[PDB]
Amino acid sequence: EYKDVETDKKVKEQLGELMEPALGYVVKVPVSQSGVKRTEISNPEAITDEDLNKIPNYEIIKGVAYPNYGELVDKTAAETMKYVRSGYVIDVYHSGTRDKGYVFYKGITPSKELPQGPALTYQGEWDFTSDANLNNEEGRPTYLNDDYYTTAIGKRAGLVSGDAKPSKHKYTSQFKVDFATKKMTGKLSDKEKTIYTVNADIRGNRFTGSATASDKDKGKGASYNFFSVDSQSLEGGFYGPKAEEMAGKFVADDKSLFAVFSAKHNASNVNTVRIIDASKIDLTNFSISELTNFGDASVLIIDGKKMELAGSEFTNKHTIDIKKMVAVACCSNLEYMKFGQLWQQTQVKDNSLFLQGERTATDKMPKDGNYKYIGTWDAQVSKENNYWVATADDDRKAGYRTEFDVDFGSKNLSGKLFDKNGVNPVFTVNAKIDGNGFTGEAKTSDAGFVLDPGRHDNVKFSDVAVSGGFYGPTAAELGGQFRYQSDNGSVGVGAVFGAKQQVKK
């Protein structure tokens, strides 16, 4: 009597290769090898590491500096920042053709909640490395000892901001983010001079846009301008639970400069709306853990390495080697959310459930209406050493079904979760809708849930935290999860679910 609501398919945007989101990025500072006149900025390497205090490739540059009697010096903005890092690690006694160091930025905890209210100002600093260029036609200066600690400026080795003298150069960053219009602007400055102005749009917890040179004239000699080229590849993201901080990068279009930045805001009472759901219920510890997501539910990221969840059937197994990592995703009729199981093959190690979703815009939420939602779910109930397991399918008749009664009018949500060939639901969900997400309670039947008959030992409870959310442009997709344990843990339950909006007949 019900069928799925016809919705617009996920508008796909084939991003440029230098726009792919990541926890961080690191660029080796170019050094012209013997005979080479100019060395472009190489492609930025992505940071998968999740340790903030860990400077990327520090052990490589150290392995070059030490046997060459060089001393390292690093600026990472650690004292000021909490969730982000940016700056450089360079060899200060650099000479010849060996490595000079790396310019980088990284962050932990990509934001899942974004500030809601007044436009915020993020203040911080920015660093850079330039093209290496020997060519006299270019006219890169030497002997500016009032300005830079290095006698040559970006000739054989690229000019790093750490070569600049504090008495003449302080590189500061300022950004004014308007989360409402999803727009961002800012200035990269040196002392009082504006060097770059930036424009960026917000997508998920990342931002993409451009950098603009304030001084287009390149000049020559001691009047040489390392910052005369624009950039059409400014990418970065927000970090911290509520977008407390931000960090990013951009490459000059001619690859003559690579810049990074990081900045934090100073707002004291920030109201936030949630934008991303990406959790990981464990099936041994029944703990809920946070997964690294950048605003795309169809991509599950484990240890920095990405895994696309899109398949051909209703549920699709995917395998990624990083030790063998396996995941069964769902569902094909869902586009702004995914869920399923996730384990490590070696016999299953770290059996887990996961759910990811792109929250509906908090203002796009239907304020009135009564709708039906039909879906499915994956779960694992366990008392002692015997188990019961639910597995997502497309059998709307007698499979592992989920039904939902959503009333946007009264902000009420009731749910039914079924076992295969189950007449009456195993779990019942009653929730209250708040914004774009819902919270409520999950109870077994008022008799208990019996795993399997012999002898009888059942799992029975009420009042279990049911956190959920609506996903997509028109909230036509919902999903949530719940979990609990006693005798931590003789009894344990983990479950994740999803459902699509229905139209009658």
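The first residue of the shown sequence is 1; numbering continues from there.
According to the PDB entry, the deposited sequence contains 1 to 3 residues between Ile322 and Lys323 that lack coordinates.
The modelled chain breaks after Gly454 and resumes at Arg455, leaving 1 to 3 residues of the deposited sequence without coordinates. Stretches 15-23 and 492-500 differ in mean CA B factor, with 15-23 having the higher one. A summary of the deposited B-factors shows that, of 348-356 and 90-98, the stretch with the larger mean C-alpha value is 348-356. Highest CA B-factor among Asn43, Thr444, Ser32, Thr48, as stated in the entry: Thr48. The residue among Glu244, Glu137, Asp215, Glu192 whose C-alpha atom has the highest B-factor in the PDB entry is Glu192. Sort the modelled residues of the chain by CA B factor and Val459 lands in the highest third. Per the deposited record, the Cα B-factor of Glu125 falls in the lowest third when ranked against the other modelled residues of its chain.
When all modelled residues of the chain are sorted by CA temperature factor, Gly369 is found within the highest third. When the CA B factors of the chain's modelled residues are split into thirds, the value for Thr185 lands in the middle one. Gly448 sits in the highest third of its chain by CA B factor, as recorded in the PDB entry.
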